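Asks: Below you'll find the sequence and an experimental structure to go with it.
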There are 4 protein chains.
Amino acid sequence: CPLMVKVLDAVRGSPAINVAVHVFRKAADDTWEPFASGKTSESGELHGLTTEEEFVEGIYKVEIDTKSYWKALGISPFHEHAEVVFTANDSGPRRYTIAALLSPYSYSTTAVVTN
Amino acid sequence: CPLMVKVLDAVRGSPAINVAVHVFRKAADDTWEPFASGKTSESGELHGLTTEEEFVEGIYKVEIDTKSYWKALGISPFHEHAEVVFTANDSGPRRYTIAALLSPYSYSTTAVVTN
Amino acid sequence: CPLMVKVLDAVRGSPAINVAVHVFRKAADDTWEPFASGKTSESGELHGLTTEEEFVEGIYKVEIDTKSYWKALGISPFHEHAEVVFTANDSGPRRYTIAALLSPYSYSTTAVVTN
Amino acid sequence: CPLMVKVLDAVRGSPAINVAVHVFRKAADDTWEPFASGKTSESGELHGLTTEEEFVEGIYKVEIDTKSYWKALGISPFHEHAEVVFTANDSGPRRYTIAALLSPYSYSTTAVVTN
Ligand SMILES: O=S(=O)(O)c1cccc2cccc(Nc3ccccc3)c12
Ligand SMILES: O=S(=O)(O)c1cccc2cccc(Nc3ccccc3)c12
Ligand SMILES: O=S(=O)(O)c1cccc2cccc(Nc3ccccc3)c12
Ligand SMILES: O=S(=O)(O)c1cccc2cccc(Nc3ccccc3)c12
């Protein structure tokens, strides 16, 4: 599993559960092509988006539907979604964990790249 | 000034100077149309992107070109850029300050909205 | 003004107003001695804590009373307070801006140091 | 395991390994009494600090020696250490994960409280 997404709720101090995540890969004509999607689990995690074979070098975009999450909690948010755009590899494939720390008017995003 | 962007370097503890910023607005046909652009000053701030008249209701994307910034400092960062996507002025005109806190493998973004 | 504190509310996207701040300095006997205190203004900022003359070299602790802030807004937060502990002026006098970004179960803190 | 600490390096996008962590419990006379300590593992995690039996309600302080971490990497940091001060329980015991996201001049800290 080369790509994992994790989402935290900073208001409740909990995993952000059932958050939709859409992954896109940048095509040769500079457009965003749908690549993978899912929703975070009870632990706020999303695994099995892709495989090592399919996760080739290139620019990827991870969109996290933060607005719908806050809407379900009855809390007015600022952002439409959180966006994480990055180049897969320098490098030689390894494991990418993208984490998103959510607040209604702020978010932090981190990348842990491990062997 | 209804839209301001501020960028901080969390490695040096200093304003992030000369950071390129591109702003887009979502058109009726669902495409991102160029809206405004500029670079942060010596104080890490970018003003004068737009006017109250031109800053109508809509969905805006603020793209902060973080990769270029880090590379010039000799750092190969994770993200291509920081993205901040939000609905603006849907309850009348407001003033928006978008701040970004930059690390090579992480960023935080905040919004302060005033009436 | 060599020491400034700024506090942001990440739930409301606004300055955190009337937040109590206590500053301490480490004495030669290793105890924390009261150095200065105040509360953030309507802009979320606290100035005039000290002077260049009184702000000598040493280890300082800035205690930001975040729990009291959240409770008044009807929120039971995780942290008692945010702490920021740092050596100051060990390479000559500097100006320090300490910022805190507050969420109920998370905070970020930054420092901008200028000569 | 009622108390877990996790430390991330935001410059390298990696677990922060071999970071010293000291835990204190607030005594009746308002002093900090040493309670538990350790160093983060290769995964940047510290488990087995305490037991459910010993981890009674009260105020705790988790000190993360961030300065020594950056020093070993040859990077000049701002903070002496990161401090996380919190009340264990409202509530009825459960699991506390304290995470710290480290940059040389900034840190974020989060709490995930789970059943
Ligand atoms: O690791 S934990 O805090 O246990 C954690 C537990 C459960 C869900 C999480 C979701 C996103 C990030 C986390 N960690 C995190 C926190 C701060 C910065 C980066 C990642 C989550
Ligand atoms: O405010 S200051 O630290 O003075 C600051 C000074 C200079 C440049 C800054 C750029 C972006 C954000 C800041 N503040 C900030 C810090 C944390 C959260 C949100 C905004 C900047
Ligand atoms: O700069 S602004 O967002 O205008 C801002 C406006 C009003 C109050 C603020 C309080 C603390 C930090 C800020 N900025 C900040 C944001 C991110 C990182 C560091 C500092 C505040
Ligand atoms: O969960 S991961 O990113 O995989 C992660 C992996 C390895 C070490 C980590 C250390 C601290 C926080 C993490 N997460 C985190 C990130 C952002 C906010 C809160 C916690 C760590």
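Replies: Nice, I can see it. Numbers count the residues shown, from 1 in each chain, chains lettered A, B, ... in the order given. Ligands and ions are numbered 1, 2, ... in the order given.

Asks: So residue A:71, which state does it fall into?
Replies: Secondary structure assignment for residue A:71 (DSSP: H, G, I helix; E, B strand; the rest coil): helix.

Asks: Spit out the contact partners of the closest residue to it other than its chain neighbours.
Replies: In space, residue A:71 comes closest to residue A:77 once its chain neighbours are excluded; the distance is 7.3 Å by Cβ to Cβ, 6 or more residues apart in numbering or on different chains. C-beta coordinates here come from the backbone N, C-alpha and C atoms, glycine included. Applying Cβ atoms under 8 Å, 6 or more residues apart in numbering or on different chains, one finds that residue A:77 lies in contact with A:66-67, A:69-71, A:104-105.

Asks: name the element residue A:77 belongs to?
Replies: According to DSSP states H and E, residue A:77 maps onto no helix or strand at all.

Asks: Distance check, it against residue B:5.
Replies: Distance, residue A:77 to residue B:5, by Cβ to Cβ, to the nearest Å: 19 Å.

Asks: Give the bridge partners for residue A:22, please.
Replies: Using DSSP bridges, the bridge partners assigned to residue A:22 are residue A:37, residue A:63.

Asks: Quick check: it touching residue A:65?
Replies: Yes: Residue A:22 is within contact range of residue A:65, at 7.5 Å (criterion: Cβ atoms under 8 Å).

Asks: Pull the number of nearby residues for the residue in chain A that chain B sits nearest to.
Replies: Per Cβ to the nearest Cβ, the residue of chain A with the smallest distance to chain B is residue A:83, at 3.7 Å. When neighbours are counted by other Cβ atoms under 10 Å in any protein chain shown, residue A:83 registers 22.

Asks: Got the phi and psi for the residue nearest to residue A:71?
Replies: Backbone dihedrals for residue A:77, given as degrees, to the nearest 10, come out at phi -100, psi 160.

Asks: what helix or strand does the residue nearest to residue A:73 when sequence neighbours are not counted sit in?
Replies: Leaving aside its chain neighbours, residue A:73 sits nearest to residue A:11 (7.8 Å; criterion: Cβ to Cβ, 6+ apart). Per DSSP H and E, residue A:11 falls between elements, in no helix or strand.

Asks: just the buried members of the contacts of residue A:77?
Replies: Listed as buried from the contacts of residue A:77 are A:66-67, A:69-70, A:104-105; burial here means 16 or more other Cβ atoms under 10 Å in any protein chain shown.

Asks: what two of those are the furthest from one another?
Replies: The distance between the two most remote of the buried ones among the contacts of residue A:77 (Cβ to Cβ) is 13.7 Å, for A:69 and A:105.

Asks: What distance do you get for residue A:8 to residue A:77?
Replies: Counting by Cβ to Cβ, the separation of residue A:8 from residue A:77 is 15 Å.

Asks: For chain A, which segments count as helices?
Replies: Along chain A, counting by DSSP state H, helices occupy A:66-72.

Asks: For chain A, which segments are assigned as strands?
Replies: Shown for chain A, the strands assigned by DSSP state E span residues A:3-9, A:14-15, A:20-26, A:32-39, A:45-46, A:58-64, A:79-88, A:95-103, A:106-114.

Asks: contacting residues around residue A:65?
Replies: Counted by Cβ under 8 Å, 6+ apart, residue A:65 has contacts A:19-22, A:81.

Asks: ok, now with 10 Å
Replies: Residue A:65 makes contact with A:7, A:18-22, A:39, A:71, A:79-82, according to Cβ atoms under 10 Å, 6 or more residues apart in numbering or on different chains.

Asks: Of the residues you listed, which is the nearest to residue C:44?
Replies: Nearest to residue C:44, judged by Cβ to Cβ, of those is residue A:79 at 20.6 Å.

Asks: In the sheet, which residues pair with the closest residue to residue A:38 other than its chain neighbours? Tell me.
Replies: Among residues not flanking residue A:38 along the chain, residue A:46 sits closest, at 4.9 Å (Cβ to Cβ, 6+ apart). In this entry, residue A:46 is beta-bridged to residue A:5, by DSSP bridges.

Asks: Check the gap between residue A:46 and ligand 2 for me.
Replies: Residue A:46 sits 28 Å away from ligand 2, going by Cβ to the nearest ligand atom, to the nearest Å.

Asks: how many neighbours does that residue have?
Replies: Count around residue A:46 with other Cβ under 10 Å applied: 24.

Asks: Could you verify my assumption that it touches residue A:3?
Replies: Yes: Residue A:46 is within contact range of residue A:3, at 9.0 Å (criterion: Cβ atoms under 10 Å).

Asks: so what's in contact with those two at the same time?
Replies: Residues touching both residue A:46 and residue A:3 by Cβ under 10 Å, 6+ apart: A:23, A:36, A:62, A:98.

Asks: from those, which are also near ligand 2?
Replies: Filtering the shared contacts of residue A:46 and residue A:3 for neighbours of ligand 2 using Cβ under 6 Å from any ligand atom leaves an empty set.

Asks: with the residues you listed in mind, which one is nearest to ligand 1?
Replies: Distance to ligand 1 across the shared contacts of residue A:46 and residue A:3 (Cβ to the nearest ligand atom) is lowest for residue A:98, with 9.3 Å.

Asks: Mind listing the residues bridging to the closest one?
Replies: For residue A:98, the beta-bridge partners under DSSP bridges are residue A:5, residue A:111.

Asks: how about the nearest residue in space to residue A:2 that is not next to it in sequence, what does it touch?
Replies: Of all residues not flanking residue A:2 in the chain, residue A:55 sits nearest, at 4.5 Å (Cβ to Cβ, 6+ apart). Contact analysis of residue A:55 by Cβ under 10 Å, 6+ apart lists A:1-3, A:23, A:25, A:35-36, A:49, A:88-89, A:93, A:96.

Asks: Would you mind listing which of those residues are buried?
Replies: Burial by neighbour count, judged by 16+ other Cβ under 10 Å, picks out A:3, A:23, A:25, A:35-36, A:49, A:88, A:96 from those.

Asks: ok, now how distant is residue A:12 from ligand 1?
Replies: For residue A:12, the distance to ligand 1 (Cβ to the nearest ligand atom) stands at 11 Å.

Asks: again with residue A:83
Replies: Distance from residue A:83 to ligand 1, counting by Cβ to the nearest ligand atom: 16 Å.
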